[PDB]
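> one piece of my complex first, more on the way:
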Amino acid sequence: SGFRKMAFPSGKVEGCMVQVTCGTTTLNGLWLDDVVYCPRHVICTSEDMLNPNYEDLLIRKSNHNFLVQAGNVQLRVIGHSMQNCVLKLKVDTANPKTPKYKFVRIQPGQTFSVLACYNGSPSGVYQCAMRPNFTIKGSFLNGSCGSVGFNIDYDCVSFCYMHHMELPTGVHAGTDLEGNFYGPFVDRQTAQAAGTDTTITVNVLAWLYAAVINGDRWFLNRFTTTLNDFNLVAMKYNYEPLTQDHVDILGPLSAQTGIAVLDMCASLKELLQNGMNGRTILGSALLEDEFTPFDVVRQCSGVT
């Protein structure tokens, strides 16, 4: 029993973290096989960041300008290339600690763990969701760039995020491991609109199922609703519209608890319309949307 905002064990990713320095800028890099991946803005100074011409800034750099250090050991850089907003530094040594890995582009609403790093050294690990507007509400300071987000399936690390920037609003933006930003963001020091965000409805329903499994049942009611009716309420409260694909993913939790998905939607409907009334669910006084249906089942039934 109990339900926590649990992250994947970070060991496999800690083994991949390196420090990358170019000029006077230092950030984190990800060393997988004989390649180190890092944000391309490692080649910028603060004067360059208003609107960098990355192709021109990179032409001024040679392999020997990229200093890569894995703890204490120095890596020899034998190639460099820019792919979208990431640099790929070919090194002469394959990382002996490279786990089995994949590069994936996650969908908005999915969750992942972040290993926050500074100077190539891991500082902490936390779990978060990719917002529907493609920002992440992380915890990052200057020098965290290059820290990565990931999921783990037994022995396989699926890397999904590399941290690049903090928007003036204090929320975070970054790329997949091919350097494509999630959302409309660009790697420039400009004010950039993050879209209207919404609450991840399928995750709130998953978390209500986790609450029932863990004994928090006070919000269950005598009602039911329809997808149509529920979606009018989702609209009013800035929740993602629920689809049959969401109801289908909630199937296992519905079977586990014996609570039909639309009956749980009627509980969510009443909580949106009436609030928590000074009560809590799984130690939260708000509706939590950072656990997917997969996360709840993994946490409540067990997977290593």
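Cool, the structure landed. Numbers count the residues shown, from 1 in each chain, chains lettered A, B, ... in the order given.

> domain ranges for chain A?
Taking CATH domains of a matching chain as the domain assignment, the record places the domains of chain A at A:1-14+A:100-197, A:15-99, A:198-301.

> possible to save these as TSV with mean neighbour count?
C-betas here are computed from N, CA, C, even on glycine. Compiled in TSV, these are given as follows (neighbours: other Cβ atoms under 10 Å):
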stretch	mean neighbour count
domain A:1-14+A:100-197	18
domain A:15-99	17
domain A:198-301	17
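
> just how off-centre is stretch A:117-124 within its chain?
Chain-centre distance of stretch A:117-124: 17 Å, with Cα atoms, centre = their mean, to the nearest Å.

> just the CA coordinates of that stretch, formatted as PDB?
In PDB, the C-alpha atoms belonging to stretch A:117-124 read as follows (Å, rounded to 0.1, in the frame of the first residue of the first chain):
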ATOM      1  CA  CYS A 117      22.800  16.800 -13.400                       C
ATOM      2  CA  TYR A 118      25.400  19.600 -13.000                       C
ATOM      3  CA  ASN A 119      28.900  19.400 -14.400                       C
ATOM      4  CA  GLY A 120      28.300  15.800 -15.600                       C
ATOM      5  CA  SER A 121      27.400  14.800 -12.000                       C
ATOM      6  CA  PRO A 122      24.000  13.500 -11.000                       C
ATOM      7  CA  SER A 123      22.200  15.600  -8.300                       C
ATOM      8  CA  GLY A 124      18.800  14.000  -8.100                       C
END
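
> So residue A:79 sits against residue A:66, correct?
No: with contact defined as Cβ atoms under 8 Å, residue A:79 does not reach residue A:66; the gap is 10.0 Å.

> Which neighbours do these two have in common?
The contact sets of residue A:79 and residue A:66 overlap at residue A:89 (Cβ atoms under 8 Å, 6 or more residues apart in numbering).

> got the contact list for residue A:148?
Contacts of residue A:148 (Cβ under 8 Å, 6+ apart): A:13, A:30, A:114-115, A:159, A:161-163, A:177.

> Tell me the one of the residues you listed nearest residue A:248?
residue A:161 (26.2 Å; Cβ to Cβ).

> For that closest one, pull up the helix or strand it's in.
Using DSSP states H and E, residue A:161 falls within strand A:156-166.

> hang on, the earlier thing: dump the contacts of residue A:148 into TSV; add distance to residue A:95 as well.
Formatted as TSV, those follow (distance: Cβ to Cβ, whole Å):
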residue	distance to residue A:95
A:13	12
A:30	9
A:114	20
A:115	15
A:159	13
A:161	19
A:162	16
A:163	20
A:177	15
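
> just checking, what packs against the helix or strand just after the strand holding residue A:161?
Going down the chain from strand A:156-166, the next helix or strand is strand A:172-175, by DSSP H and E. Where contact means 3 or more Cβ pairs under 8 Å, 6 or more residues apart in numbering; DSSP states H and E, strand A:172-175 is packed against strand A:156-166.

> and chain B on top of that:
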Amino acid sequence: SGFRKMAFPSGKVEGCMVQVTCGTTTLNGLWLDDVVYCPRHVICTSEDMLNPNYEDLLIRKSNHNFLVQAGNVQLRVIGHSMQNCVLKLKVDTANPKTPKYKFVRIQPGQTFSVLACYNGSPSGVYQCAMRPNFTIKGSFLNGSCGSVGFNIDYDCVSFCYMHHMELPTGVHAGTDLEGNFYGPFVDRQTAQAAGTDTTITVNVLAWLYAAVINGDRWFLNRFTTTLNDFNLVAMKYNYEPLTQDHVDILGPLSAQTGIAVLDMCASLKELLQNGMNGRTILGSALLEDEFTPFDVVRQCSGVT
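Next up, chain B placed on what we already have:
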């Protein structure tokens, strides 16, 4: 910017996890140097758990009855001993992945990371506080026994908790690494009173300082209070009384923000008396007490 319930990177602890089997019971063990530490109830069956005579149950076991497996490799057990509620299994091989480590007994109100494990395999990592009543509100299922709690100071792992039991209330109890339970708990399947719990006042104040640092300032007011006055309010709301030692630990956060500790107590006083008014602080709709003053500074200023 941003503030998350951040855990320490778990890699150093993942390298120490093993599976321990005795008879038909399997749980997790911690392999440090040539010793494996695990809950002594690995020697019990379900018939034994109502009131085990641990000394007699252990006399029936020999070194060859304790099966220890580190991933795939089998460890040869050359000694066994019970110390309080833990078993220490001497193995013929020192763990090559033993980090620099210490065994510490944490105080109530302090925080630590938990690496939840099943069958010697890490499943996830989360941060939590040792409650003032010596329970932990973890997330654990059957087979999680032997999972450990820890803190990390650069390269040193200070192990503070080994998980033993889930109380009928769904909260968790365990021991320090010498096998002494935190709190009044005993390793028996009986209903056991956990004391009256309280909210960790110094941690709520630390988290209000983290909120101000991160831009959440709405709760700051024109008032101040005294330790005496604040403690009357702490009493009414089941908060730990604040002492000068707590005010002293909050010194760095007070200097960082320029907000005197007693002025922040007056903000906490008004939040206790008036509630959040449907507002949030650092994404929470309740007052958070799982971040110590050290955690806030480590997270807001940066340490690896």
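
> about what we covered before: is chain B within reach of the strand holding residue A:161?
Yes: Strand A:156-166 is in contact with chain B by Cβ under 8 Å from any Cβ of the partner chain, via residue A:166.

> Listing partners with orientation, what would you give for that strand?
Using DSSP bridges, strand A:156-166 pairs in its sheet with strand A:100-103 (parallel), strand A:148-153 (antiparallel), strand A:172-175 (antiparallel).

> Check the spacing between the residue nearest to residue A:231 when sequence neighbours are not counted and residue A:229 real quick.
With Cβ to Cβ, 6 or more residues apart in numbering or on different chains as the criterion, residue A:231 has its nearest non-adjacent residue at 4.8 Å, and that residue is residue A:241. Computed as Cβ to Cβ, to the nearest Å, the residue A:241 to residue A:229 distance reads 12 Å.

> just residue A:23 next, same as before
Using Cβ to Cβ, residue A:23 is found at 59 Å from residue A:229.

> How about residue A:280?
27 Å.

> Quick one: residues contacting the residue nearest to residue A:288 when sequence neighbours are not counted.
Nearest residue to residue A:288, sequence neighbours excluded (Cβ to Cβ, 6+ apart): residue A:207, at 4.7 Å. By Cβ atoms under 8 Å, 6 or more residues apart in numbering or on different chains, residue A:207 lies in contact with A:281-282, A:287-289, A:291, A:296.

> Now, those that are in helices?
Secondary structure assignment (DSSP state H) places residue A:296 from the contacts of residue A:207 within helices.

> Mind telling me the two of the contacts of residue A:207 farthest from one another?
A:287 and A:296, at 14.2 Å, using Cβ to Cβ across the contacts of residue A:207.

> related to what we said a few turns ago, could you export the helix or strand in which the residue nearest to residue A:288 is found as CSV, CA atoms only?
Under the criterion of DSSP H and E, residue A:207 resides in helix A:201-213. What follows is helix A:201-213, C-alpha atoms only, in CSV (Å, rounded to 0.1, in the frame of the first residue of the first chain):
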residue,chain,number,x,y,z
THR,A,201,-7.8,13.6,-17.8
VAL,A,202,-6.8,9.9,-18.4
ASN,A,203,-4.1,10.3,-15.7
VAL,A,204,-6.4,11.9,-13.2
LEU,A,205,-8.7,8.9,-13.7
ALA,A,206,-5.8,6.5,-13.4
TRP,A,207,-4.8,8.2,-10.1
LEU,A,208,-8.4,8.0,-8.8
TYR,A,209,-8.2,4.2,-9.5
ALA,A,210,-4.9,4.2,-7.6
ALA,A,211,-6.7,5.9,-4.7
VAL,A,212,-9.5,3.3,-4.6
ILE,A,213,-6.8,0.4,-4.7
